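Trainee: pasting an experimental structure with its sequence.
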Amino acid sequence: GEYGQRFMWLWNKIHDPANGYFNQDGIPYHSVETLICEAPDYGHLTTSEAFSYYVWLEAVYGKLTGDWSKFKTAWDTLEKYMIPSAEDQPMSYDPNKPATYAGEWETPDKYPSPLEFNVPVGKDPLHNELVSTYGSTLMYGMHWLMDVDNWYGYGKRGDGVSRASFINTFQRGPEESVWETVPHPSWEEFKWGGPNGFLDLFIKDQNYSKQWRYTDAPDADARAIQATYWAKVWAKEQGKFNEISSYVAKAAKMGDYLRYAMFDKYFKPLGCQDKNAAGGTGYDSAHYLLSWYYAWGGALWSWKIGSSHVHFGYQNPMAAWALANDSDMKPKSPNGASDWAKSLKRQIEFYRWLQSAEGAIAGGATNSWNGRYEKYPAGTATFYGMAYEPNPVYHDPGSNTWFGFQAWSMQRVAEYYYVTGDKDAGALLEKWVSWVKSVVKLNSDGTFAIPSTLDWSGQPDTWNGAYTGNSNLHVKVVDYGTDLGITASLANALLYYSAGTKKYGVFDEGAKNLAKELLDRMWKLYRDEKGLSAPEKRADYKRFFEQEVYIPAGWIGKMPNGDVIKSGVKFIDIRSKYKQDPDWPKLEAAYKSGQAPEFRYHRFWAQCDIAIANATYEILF
Ligand SMILES: [Ca+2]
């Protein structure tokens, strides 16, 4: 079939060693080009989102093929490399005191953040159940960032040499952009950085211990699960399910632990609005959404920490439903499926509460105003006691000034609607597709433009379980662009909606046609040697040179390659190896010329989305 030809074409552009999307271990890079900085700060780093897209690409491949080897392989790599093994996470945890509270602060210069030992932390209610269920104490979820070819030089567990090195960057609050971090190893032996390693850049304590720390990106895990749901439906169609047996089980175990994404940072109760208030005793601290993260720390004592900030872009109803309803994907814990049923509905309510008057989905909510459980301002709209935030978690740039989440997240809703016919999902999607149609530009010459940067106004109405119209919440498109990963994901969302519409109501041909046009114009214009790519102006890359990384006066340390870490140091001064990047002179030239440098990037996830969107047109039509 034709749109599946398209998929095949890109699938082995991706799987051709020549083009170089994977490292020697089969770990996909964030992108083929190395000189890139946006969420990771270098291209041959990779992310938990990349792995989840890899699994998804293969699920779709084995649906179109009957060949589930590639799917099995992609999961094999993911469990092996991106999920901390037993040696990666050795422990004695106390569910009643799961962590010691530290605040979040407005700027990076207010860090390291002091522990506050008087601040009550609440009860972790998932742990004892999860031990009972699995026999293990190991946590089964992906850490979000990896240095796949050991570019930074921290290695495995401190060996400064192994590939697939667990690192972390973002640690110092909502203004710490990708440009303002100090990349550090997840496993801390004090072999680099200062006397206490890098710990004392981020946390203020009397004494510091060697330890490990991991941070899950829940959208990533959920996508992996979403992916595995389709691999289960698709293998079962073909009578090959049992082949994929234990891999659906991986998804369900992952699903079971992913419930840590559902809780306030410090198991504090929803609505508390005071750091000194008592901790939750159970599910009163569950927001039942996929939060910006869960994190687990552990001494070489133990900590577990959810997150108080939620972004709609991180939600996944399809995954939630799959875990909650499909008996093959059922998590083994007593309460697992059940918590996921609650998450499914809370998520859908969340999306509807965030729906602007125009139809775009606004950012999110927090249970911890300023990340310090402060009192909400007068007039603040709320969702189950959480405060609306236009840009939750990060502000530089604003986390919901990126059009991309609209597509990523509504694709998942559109899947859930197709499977299910849920009326709220449908009514949500209706008003959103309407908006999409009104803002996508199809030009006469066959070029197209999707929104890139969004801006926001006002607030939703406070949630009371039923849609109101949110007539004071307003989206504005600030500019347009030609992001192909997003363009394809937008197409993918339009296709699942249109499909569901045919299946459950009045068929929306408009939607399908708008998607097709996007998938067609893209394929005709932006095809190239390594897959697809469009020109991209990166003015912000001046920050390579100009961005000062905050280091405390008196703090002295070294990166593994010898770069000195001290006050005044810039972004590039702690990443000197960038100067031997093939694109360095091009970048240098443009910085001095005074105009934005240009790239034609091949992000794994982008190429994965383009693939899956074309394939999804065939599967549905
Ligand atoms: Ca900043």
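Mentor: Cool, the structure landed. Residues are numbered from 1 along each chain as shown.

Trainee: how's this structure carved up into domains?
Mentor: As assigned by curated CATH domains, the chain contains the domains 1-83+127-142+216-292+306-534+601-621, 84-126+143-215+294-305, 535-600.

Trainee: return the most buried member of the ones you listed.
Mentor: A comparison of those by mean neighbour count, using mean count of other C-beta atoms under 10 Å, puts domain 1-83+127-142+216-292+306-534+601-621 on top with a mean of 21. For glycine as for every other residue, the C-beta is placed from the backbone atoms N, C-alpha and C.

Trainee: can I assume residue 215 sits in a strand?
Mentor: Yes. Counting by DSSP: H, G, I helix; E, B strand; the rest coil, one finds residue 215 located in a strand.

Trainee: next one: it from residue 484, what distance?
Mentor: Distance, residue 215 to residue 484, by C-beta to C-beta, to the nearest Å: 28 Å.

Trainee: can I assume residue 392 is in contact with residue 313?
Mentor: No. Residue 392 is beyond contact range of residue 313, at 9.3 Å (criterion: C-beta atoms under 8 Å).

Trainee: find residues that contact each of the two.
Mentor: 399-400 (C-beta atoms under 8 Å, 6 or more residues apart in numbering).

Trainee: just give the nearest non-adjacent residue to residue 334, would you?
Mentor: Excluding the flanking residues, the one nearest residue 334 by C-beta to C-beta, 6 or more residues apart in numbering is residue 129, at 6.3 Å.

Trainee: quick check: phi and psi at that neighbour.
Mentor: phi -60, psi -40 (degrees, to the nearest 10).

Trainee: residues touching it, list them.
Mentor: Taking C-beta under 8 Å, 6+ apart, we find residue 129 in contact with 333-335.

Trainee: is it possible to get JSON lines of those residues that adds distance to residue 451?
Mentor: Formatted as JSON lines, these follow (distance: C-beta to C-beta, whole Å):
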{"residue": "333", "distance to residue 451": "41"}
{"residue": "334", "distance to residue 451": "44"}
{"residue": "335", "distance to residue 451": "40"}
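
Trainee: dump these to a markdown table, plus secondary structure and distance to residue 281.
Mentor: Below are the contacts of residue 129 laid out as a markdown table (DSSP: H, G, I helix; E, B strand; the rest coil; distance: C-beta to C-beta, whole Å):
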| residue | secondary structure | distance to residue 281 |
| --- | --- | --- |
| 333 | coil | 19 |
| 334 | coil | 18 |
| 335 | coil | 15 |
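
Trainee: show me which of these is closest to residue 593.
Mentor: Each of the contacts of residue 129 was checked against residue 593 using C-beta to C-beta; the closest is residue 333, at 58.1 Å.

Trainee: wait, that closest one touches residue 258, no?
Mentor: No. Using C-beta under 8 Å as the test, residue 333 is too far from residue 258 to be in contact (11.5 Å).

Trainee: any idea which helix or strand carries the nearest residue in space to residue 7 that is not next to it in sequence?
Mentor: Computed as C-beta to C-beta, 6+ apart, the closest residue to residue 7 that is not its neighbour in sequence is residue 615, at 3.9 Å. For residue 615, the enclosing helix or strand under DSSP states H and E is helix 604-620.

Trainee: up against the ion, what does the chain have?
Mentor: Contact residues, the chain versus the ion (C-beta under 5 Å from the ion): 175, 177, 396.

Trainee: pretty sure the first one sits against residue 106.
Mentor: Yes. Assessed by C-beta under 8 Å, residue 175 is found in contact with residue 106 at 6.4 Å.

Trainee: pipe the residues of the chain next to the ion into TSV and attach distance to residue 341 and secondary structure per row.
Mentor: Formatted as TSV, these follow (distance: C-beta to C-beta, whole Å; DSSP: H, G, I helix; E, B strand; the rest coil):
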residue	distance to residue 341	secondary structure
175	37	coil
177	38	coil
396	37	coil
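
Trainee: ok, so of these, who is nearest residue 535?
Mentor: Among these, and counting by C-beta to C-beta, the member closest to residue 535 is residue 177, at 23.7 Å.

Trainee: quick check: phi and psi on that closest one?
Mentor: According to degrees, to the nearest 10, residue 177 has phi -70, psi 170.

Trainee: and the closest residue to it other than its chain neighbours, what does it touch?
Mentor: Once flanking residues are discounted, residue 177 sits nearest to residue 396: 4.1 Å by C-beta to C-beta, 6+ apart. If you count contacts by C-beta under 8 Å, 6+ apart, residue 396 has them with 174-177, 180.

Trainee: let's see that with 10 Å instead.
Mentor: Shown in contact with residue 396 (C-beta atoms under 10 Å, 6 or more residues apart in numbering): 108, 174-180.

Trainee: off-centre distance for the lengthiest strand in the chain?
Mentor: Counting residues, the longest strand in the chain under DSSP state E turns out to be strand 448-457. Here strand 448-457 is found 20 Å from its chain centre; the criterion is C-alpha atoms, centre = their mean, to the nearest Å.

Trainee: packing partners of that strand?
Mentor: Where contact means 3 or more C-beta pairs under 10 Å, 6 or more residues apart in numbering; DSSP states H and E, strand 448-457 is packed against helix 404-420, helix 423-439, strand 441-442, strand 474-481, helix 484-504, helix 509-525.

Trainee: distance check, residue 193 against the ion.
Mentor: 21 Å (C-beta to the ion, to the nearest Å).

Trainee: wait, doesn't that residue sit right on residue 199?
Mentor: Yes. Assessed by C-beta atoms under 10 Å, residue 193 is found in contact with residue 199 at 8.1 Å.

Trainee: hey, what's in contact with both of these two?
Mentor: With C-beta under 10 Å, 6+ apart as the test, residue 193 and residue 199 both reach residue 184.
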